[PDB]
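**Q** These protein sequences, in sequence, are chains Z, W, V, S, U and T.
Mapping to the authors' numbering: the first sequence position 62 is 125, numbers consecutive.
Letter by letter, the second sequence follows residues 507 to 551, 560 to 608, 614 to 707 of the authors' numbering.
Mapping to the authors' numbering: the third sequence position 52 is 52, numbers consecutive.
Mapping to the authors' numbering: the fourth sequence position 94 is 94, numbers consecutive.
Mapping to the authors' numbering: the fifth sequence position 41 is 90, numbers consecutive.
Mapping to the authors' numbering: the sixth sequence position 2 is 51, numbers consecutive.
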Amino acid sequence: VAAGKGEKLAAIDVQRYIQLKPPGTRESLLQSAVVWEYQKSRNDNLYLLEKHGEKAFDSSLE
Amino acid sequence: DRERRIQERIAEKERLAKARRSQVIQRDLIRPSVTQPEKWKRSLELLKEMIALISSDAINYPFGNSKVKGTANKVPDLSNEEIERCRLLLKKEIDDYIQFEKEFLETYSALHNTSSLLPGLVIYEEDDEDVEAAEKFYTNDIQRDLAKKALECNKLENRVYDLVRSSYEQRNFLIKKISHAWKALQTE
Amino acid sequence: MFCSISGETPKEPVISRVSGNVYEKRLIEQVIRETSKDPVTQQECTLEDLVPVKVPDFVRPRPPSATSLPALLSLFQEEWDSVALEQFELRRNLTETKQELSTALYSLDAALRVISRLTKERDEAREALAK
Amino acid sequence: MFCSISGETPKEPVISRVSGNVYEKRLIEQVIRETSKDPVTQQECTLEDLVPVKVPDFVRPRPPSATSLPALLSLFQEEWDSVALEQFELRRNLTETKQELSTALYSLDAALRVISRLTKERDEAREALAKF
Amino acid sequence: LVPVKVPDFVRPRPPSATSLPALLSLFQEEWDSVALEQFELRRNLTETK
Amino acid sequence: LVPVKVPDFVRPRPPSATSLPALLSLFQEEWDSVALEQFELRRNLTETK
Numbered sequence: 064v065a066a067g068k069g070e071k072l073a074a075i076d077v078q079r080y081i082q083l084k085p086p087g088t089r090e091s092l093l094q095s096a097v098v099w100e101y102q103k104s105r106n107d108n109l110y111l112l113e114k115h116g117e118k119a120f121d122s123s124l125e
Numbered sequence: 507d508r509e510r511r512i513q514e515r516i517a518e519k520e521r522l523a524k525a526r527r528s529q530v531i532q533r534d535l536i537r538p539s540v541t542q543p544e545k546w547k548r549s550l551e560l561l562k563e564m565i566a567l568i569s570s571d572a573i574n575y576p577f578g579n580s581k582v583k584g585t586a587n588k589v590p591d592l593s594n595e596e597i598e599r600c601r602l603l604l605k606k607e608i614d615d616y617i618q619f620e621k622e623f624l625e626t627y628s629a630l631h632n633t634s635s636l637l638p639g640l641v642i643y644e645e646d647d648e649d650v651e652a653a654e655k656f657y658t659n660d661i662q663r664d665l666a667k668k669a670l671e672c673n674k675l676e677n678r679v680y681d682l683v684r685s686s687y688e689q690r691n692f693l694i695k696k697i698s699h700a701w702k703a704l705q706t707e
Numbered sequence: 001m002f003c004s005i006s007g008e009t010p011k012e013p014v015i016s017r018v019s020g021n022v023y024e025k026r027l028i029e030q031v032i033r034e035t036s037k038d039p040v041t042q043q044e045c046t047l048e049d050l051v052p053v054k055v056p057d058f059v060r061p062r063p064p065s066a067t068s069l070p071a072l073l074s075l076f077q078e079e080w081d082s083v084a085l086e087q088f089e090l091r092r093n094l095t096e097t098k099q100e101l102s103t104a105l106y107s108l109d110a111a112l113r114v115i116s117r118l119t120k121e122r123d124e125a126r127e128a129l130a131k
Numbered sequence: 001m002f003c004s005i006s007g008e009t010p011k012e013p014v015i016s017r018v019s020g021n022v023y024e025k026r027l028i029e030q031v032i033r034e035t036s037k038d039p040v041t042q043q044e045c046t047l048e049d050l051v052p053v054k055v056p057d058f059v060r061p062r063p064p065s066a067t068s069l070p071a072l073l074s075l076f077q078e079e080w081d082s083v084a085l086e087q088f089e090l091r092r093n094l095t096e097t098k099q100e101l102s103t104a105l106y107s108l109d110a111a112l113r114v115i116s117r118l119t120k121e122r123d124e125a126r127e128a129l130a131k132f
Numbered sequence: 050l051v052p053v054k055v056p057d058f059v060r061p062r063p064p065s066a067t068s069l070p071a072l073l074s075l076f077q078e079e080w081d082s083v084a085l086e087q088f089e090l091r092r093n094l095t096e097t098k
Numbered sequence: 050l051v052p053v054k055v056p057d058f059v060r061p062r063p064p065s066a067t068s069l070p071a072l073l074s075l076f077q078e079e080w081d082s083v084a085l086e087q088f089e090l091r092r093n094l095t096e097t098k
């Protein structure tokens, strides 16, 4: 991978979870389910983050 | 004295209030939903038109706040002795090995039916439609996805405000310290 | 060596003095931190209830061939897919169990109504025979 | 960051070799001078058992906020155990629901066969009435 | 002693090879090795400077 | 080595860190950055020699 990236050649991975495919084949259903589950996990993480707040941030600064 | 008996006579009434007991809503988990009338016409093939009155009876309880369709309430009511006496007749005849056999049959069959398909196709195994099943169900999933995204976005601006309050400071302090301090010490 | 929670081979099985069951120490401690109660007997449970125990470890697969591995995204997608499908089957099971419970309720109710029907029909028939 | 001997934070921290504890230099040398013992774990301790701080080092320190591959992998692992716990709980709920499904299933099957037998008896009753 | 084993309500899944833990530990071991390399070459670097 | 007790250093997550792309993209970018540092330290070793 170093022989690769010596000319940068930034690694590429799938970023197609924002297009949000219109009604189609099984790809659209699979995409809808993965977006829903990522969104649920995201909401859980944020509610957790403000269960305590920025106290950990204060400790990091100290 | 009077109340000493009256509040017991009141306490009788709440103890009298247990004389009418039903189910589903007794534990009130989920429910046959709201669109009842269309299904009864759709009911194919004696016990299928039968559940229709209790589902109509379910509208009597506050589950109707969710939505109301058709109504046509047809509550027949019951009696405790009726309920009690049928529990004997139901359970007196219905021996632990068949339960083990029953558990095996349902669990497998459930795994046979619940194949790795995002929409439920067990009923669709007999109908002829697969594309439209994915259309409505998971446009509905997306609409709920957008609503949840909007509600969470309403929660992002507080996050973004507190984090422009905190993260910029932390990053400035960390970079400004670490870089200059460390790379200066090595020269000293 | 059959986990009762997931079925995967437990890398650190432990034994319980009151009711020995196949778990691992860490999730037991995490649950006690969340809820310091015995899930089965509905009684107070402590951290000292479990004795240390030794284990012989396991082998690992080590995915080879080293091709700029992007698989992690797809594998994560598949794990989330499995949990989403499992949520789907859970909703189906709740819907069908409630439908079955209501069907049982008015099955037995109609049973009682037709008991009254039969009783009145037999009463009338025997009175006609009596006449 | 807290000292057991005095209750105040140690201005100059030191870690005891015999027992892991954060002391301040004056009080820890005080307790070593008075006796060769540990004030916490009552075990022999000396001046050399007191470890001063050699924090500077020479490598580039790293931020324990975002730019740590161990932190990224630990976040992946916390998500992993969170979804594992979710699967755990929902699988337990699913097997409980399967138990109540099967119980209601055989109960309703018995109810249906009894209903068929009952309806047979009511047909017999109707026949008895019509024979007159 | 250990009582009778209790495999129940499991539907066992065989321990398949292709799995995530493997990739996670591979990446982690890679990170430890690369960090050791960084240490080696930073010590060599400070000495050479 | 002796296991010592520390309160441990908390890691406040950035605004966008909830698994999903908010983690895979940052994982990729941090990989690219550590790679760039690896080169910037190798070539610097060679030049210093």
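Ideal Cβ placement from N, Cα and C applies to all residues, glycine included.
Taking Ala-566(W) as the reference, give the member of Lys-545(W), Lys-621(W) and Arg-684(W) with the closest Cα.
**A** On the second sequence, position 52 is the one that residue 566(W) refers to. Among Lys-545(W), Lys-621(W) and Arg-684(W), the Cα nearest to that of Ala-566(W) is on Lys-545(W).
**Q** For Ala-525(W) and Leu-105(V), I'd like the C-alpha separation in whole angstroms.
**A** Here the question's residue 525(W) lines up with position 19 in the second sequence. Here the question's residue 105(V) lines up with position 105 in the third sequence. If you draw a straight line from the Cα of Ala-525(W) to the Cα of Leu-105(V), it is about 17 angstroms long.
**Q** Count the other CB atoms within 10 Å of the CB of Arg-60(U); is the residue buried (16 or more) or exposed (fewer)?
**A** By one-based count along the fifth sequence, residue 60(U) stands at place 11. Answer is exposed; the Cβ neighbour count stays below 16.
**Q** Taking beta-carbon pairs under 7 angstroms, can you tell me which members of the stretch 71-93 of chain Z lie near chain T?
**A** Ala-73, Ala-74, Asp-76, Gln-78 and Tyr-80
**Q** Give me the chain V residues within the contact set of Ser-107(S), using Cβ-Cβ distance strictly less than 8 angstroms, ordered along the chain.
**A** For the purposes of this step, residue 107(S) is identified with residue 107 of the fourth sequence, where counting begins at 1. Chain V residues near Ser-107(S): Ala-104.
**Q** Is the CB of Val-98(Z) under 8 angstroms away from at least one CB in chain W?
**A** To locate residue 98(Z), count along the first sequence from 1; it is residue 35. Yes, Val-98(Z) lies at the interface with chain W (some Cβ there is under 8 angstroms from its Cβ).
**Q** Say whether the stretch 98-109 of chain Z touches the stretch 66-74 of chain T, bearing in mind that this needs 3 or more beta-carbon pairs closer than 8 angstroms, one atom from each stretch.
**A** Touching, per the Cβ criterion.
**Q** Quick check: the stretch 23-38 of chain V against the stretch 117-126 of chain S, are there 3 or more CB pairs under 8 angstroms?
**A** no
**Q** Just to make sure I have the definition right: I need the residues of chain Z whose C-beta is within less than 8 angstroms of the C-beta of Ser-685(W). Which are they?
**A** Here the question's residue 685(W) lines up with position 166 in the second sequence. By Cβ distance, chain Z contributes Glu-117 and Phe-120.
**Q** Alpha carbons only, please: which of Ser-4(S), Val-55(S) and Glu-100(S) is nearest the one belonging to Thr-41(S)?
**A** Stepping through the fourth sequence from its first residue, residue 41(S) is reached at position 41. Minimum Cα-Cα distance from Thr-41(S) among the listed residues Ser-4(S), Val-55(S) and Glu-100(S) corresponds to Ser-4(S).
**Q** Put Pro-13(S) into one of helix, strand or coil per three-state DSSP.
**A** Position 13 of the fourth sequence, counted from the first residue, corresponds to residue 13(S). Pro-13(S) falls in the strand class under three-state DSSP.
**Q** Between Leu-72(Z) and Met-1(S), what straight-line distance do the alpha-carbon atoms span, to the nearest angstrom?
**A** Within the first sequence, the letter at position 9 stands for residue 72(Z). Within the fourth sequence, the letter at position 1 stands for residue 1(S). Each residue's alpha carbon lies about 46 angstroms from the other.
**Q** Anything in chain U within Cβ reach of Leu-73(S), meaning under 9 angstroms, just list it in chain order.
**A** Your numbering for residue 73(S) matches position 73 in the fourth sequence. Simply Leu-73, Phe-76, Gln-77 and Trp-80.
**Q** List, in chain order, every chain T residue whose beta-carbon is nearer than 8 angstroms to that of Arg-678(W).
**A** For the purposes of this step, residue 678(W) is identified with residue 159 of the second sequence, where counting begins at 1. By Cβ distance, chain T contributes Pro-64.
**Q** Identify the contact partners of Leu-50(T) in chain U, using a Cβ-Cβ distance below 7 angstroms as the criterion.
**A** Counted from its first residue, the sixth sequence places residue 50(T) at position 1. Think of a sphere of 7 angstroms around the beta carbon of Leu-50(T): no beta carbon from chain U falls inside it, the nearest being about 16 angstroms out.
**Q** For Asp-49(S) versus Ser-74(S), is the C-beta distance shorter than 8 angstroms?
**A** In the fourth sequence, counting from the first residue as 1, residue 49(S) sits at position 49. In the fourth sequence, counting from the first residue as 1, residue 74(S) sits at position 74. No, these two residues do not count as a Cβ contact at 8 angstroms.
**Q** Are the stretch 593-606 of chain W and the stretch 77-97 of chain S in contact at 8 angstroms, needing three or more beta carbon pairs?
**A** no
**Q** Using the DSSP secondary-structure output, state which residues sit across from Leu-50(S) in a beta bridge.
**A** Counted from its first residue, the fourth sequence places residue 50(S) at position 50. Answer by DSSP bridge pairing, in chain order: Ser-16(S).
**Q** On the DSSP letters alone, give me the boundaries of the alpha helix (DSSP H) that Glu-89(S) sits inside.
**A** Residue 89(S) sits at position 89 when you count from the first residue of the fourth sequence. Element bounds for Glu-89(S): 69-131.
**Q** Going straight from the alpha carbon of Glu-96(U) to that of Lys-11(S), what length do you get?
**A** Working through the fifth sequence from its first residue, we reach residue 96(U) at position 47. Working through the fourth sequence from its first residue, we reach residue 11(S) at position 11. Approximately 34 angstroms, taken between the alpha carbons.
**Q** Measuring alpha carbon to alpha carbon, tell me which residue in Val-22(V), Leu-101(V) and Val-31(V) is nearest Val-55(U).
**A** Taking the fifth sequence and counting its residues from 1, one reaches residue 55(U) at position 6. If we check each option's Cα against that of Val-55(U), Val-22(V) comes out closest.
**Q** With distances taken Cα to Cα, identify the nearest neighbour of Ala-653(W) among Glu-644(W), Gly-639(W), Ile-694(W) and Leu-665(W).
**A** Indexing the second sequence from 1 puts residue 653(W) at position 134. Comparing Cα-Cα distances from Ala-653(W) to each of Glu-644(W), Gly-639(W), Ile-694(W) and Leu-665(W), the minimum goes to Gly-639(W).
**Q** Let me know the secondary structure DSSP gives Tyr-680(W) once reduced to three states.
**A** As a working mapping, residue 680(W) is identified with position 161 in the second sequence. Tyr-680(W) falls in the helix class under three-state DSSP.
**Q** Output yes or no for whether 8 angstroms exceeds the beta carbon distance between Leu-101(S) and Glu-625(W).
**A** Counting from 1 along the fourth sequence, the entry for residue 101(S) is found at position 101. Counting from 1 along the second sequence, the entry for residue 625(W) is found at position 106. Yes. Within cutoff.
**Q** Could you give the DSSP three-state label for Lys-37(V): helix, strand or coil?
**A** Numbered from its first residue, the third sequence carries residue 37(V) at position 37. Here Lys-37(V) sits in strand by DSSP.
**Q** Out of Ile-568(W), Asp-649(W), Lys-583(W) and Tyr-657(W), point me to the one whose CA is closest to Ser-107(V)'s CA.
**A** Position 107 of the third sequence, counting from 1, holds the residue named residue 107(V). For the residues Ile-568(W), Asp-649(W), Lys-583(W) and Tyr-657(W), the minimum Cα distance to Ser-107(V) belongs to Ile-568(W).
**Q** Assuming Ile-531(W) contacts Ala-572(W) under a Cβ cut-off of 8 angstroms, what Cβ separation, rounded to an integer in Å, is found between them?
**A** The residue you call residue 531(W) lines up with position 25 of the second sequence. The residue you call residue 572(W) lines up with position 58 of the second sequence. Going by Cβ atoms, the distance from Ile-531(W) to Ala-572(W) rounds to 7 angstroms, so yes, they are a contact pair.
**Q** Hey, does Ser-123(Z) have any beta-carbon neighbour from chain B nearer than 8 angstroms?
**A** Judged by its chain identifiers, the structure shown contains no chain B, and its protein chains are Z, W, V, S, U and T.
**Q** Indicate the three-state DSSP secondary structure (helix, strand or coil) for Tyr-23(S) in the structure shown.
**A** Start at 1 with the first residue of the fourth sequence, and residue 23(S) comes out as number 23. DSSP places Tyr-23(S) in strand when its eight states are reduced to three.
**Q** Quick one, are the C-beta atoms of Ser-686(W) and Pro-63(T) less than 8 angstroms apart?
**A** Against the second sequence, residue 686(W) aligns to sequence position 167. Against the sixth sequence, residue 63(T) aligns to sequence position 14. Yes.
**Q** How big is the Cα-Cα spacing for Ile-75(Z) and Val-683(W)?
**A** As a working mapping, residue 75(Z) is identified with position 12 in the first sequence. As a working mapping, residue 683(W) is identified with position 164 in the second sequence. Approximately 30 angstroms, taken between the alpha carbons.
**Q** Would you call the CB atoms of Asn-93(S) and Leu-47(V) closer than 8 angstroms?
**A** Residue mapping note: residue 93(S) aligns to position 93 of the fourth sequence, counting from 1. Residue mapping note: residue 47(V) aligns to position 47 of the third sequence, counting from 1. Taking 8 angstroms as the Cβ cut-off, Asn-93(S) and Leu-47(V) do not qualify as a contacting pair.
**Q** Nearest by alpha-carbon distance to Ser-95(Z): which of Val-679(W), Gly-578(W) and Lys-668(W) is it?
**A** As a first step, residue 95(Z) is located in the first sequence; it is residue number 32 there, counting from the start. The shortest Cα separation from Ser-95(Z) among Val-679(W), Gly-578(W) and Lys-668(W) belongs to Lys-668(W).
**Q** Determine the direct distance from the alpha carbon of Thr-103(S) to that of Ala-128(V), and round the result to whole angstroms.
**A** Numbered from its first residue, the third sequence carries residue 128(V) at position 128. Numbered from its first residue, the fourth sequence carries residue 103(S) at position 103. If I take the Cα positions, the gap works out to 43 angstroms.
**Q** Compare the C-beta of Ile-15(S) against all C-beta atoms of chain T and say whether one is closer than 8 angstroms.
**A** As a first step, residue 15(S) must be located in the fourth sequence, where it is residue number 15. So, interface residue.
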